[PDB]
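Just the one chain here, the form deposited in one PDB entry, laid out as structure tokens.
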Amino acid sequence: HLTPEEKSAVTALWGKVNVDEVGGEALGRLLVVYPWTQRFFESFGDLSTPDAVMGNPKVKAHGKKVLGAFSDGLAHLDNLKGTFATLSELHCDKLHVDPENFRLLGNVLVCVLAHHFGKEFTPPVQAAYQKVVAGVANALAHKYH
């Protein structure tokens, strides 16, 4: 439940987001900070060091898809469960990703936005984004329930 004022600040900050790099930066950091998550990306190639993970074209390419799905969720805050319905079925029944890792990628994304925006990513702007990333993780974990 996002308040109209925090619902506005979220879209205002997201508008300044580089759709080509932020997704790949979040996925890349996930694989570095939480190395067990690399087990789902063995077909991606070189992920030996932070530099190889961050410089992996497949990581940047897949990150762009992941970020695109975060944009769809922001556009449909009142229908998150429905928005991520086929992605939930995919991640849970086809990919076997434990739902705890959706929480971790959300928090890594919040860390990426803090890194890029700095002082613009204030504590009430982070609180609004925590509602969003929690909503997405919960929407993505739905076929597990």
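Whichever C-alpha set is largest while still superposing within 1.5 Å between the two forms counts as the rigid core. Residue positions are given as counts along the sequence shown, with the first one as 1. Residues that one form lacks are left out of the comparison.
The following text describes the form deposited in another entry, which does not appear among the structures shown.
- The residue that stands out in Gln38, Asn79, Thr86, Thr49 is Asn79, the single one whose Cα moves by 2 angstroms or more between this form and the one not shown on a rigid core fit.
- When the rigid core is held fixed, the Cα atom of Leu95 travels less than 2 angstroms between this form and the one not shown.
- Superposition on the rigid core between this form and the one not shown places the CA atom of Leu104 less than 2 Å from its counterpart.
- Whereas the shown form places them at one spacing, the Cα atoms of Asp72 and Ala139 lie at least 3 Å farther apart in the other entry.
- Relative to the shown form, the CA atoms of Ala69 and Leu104 are pushed 3 Å or more farther apart in the other entry.
- In sequence order, 68 to 75, 77 to 82 are the runs of at least 3 residues present in both forms whose Cα atoms shift by 2 Å or more between this form and the one not shown once the core is superposed.
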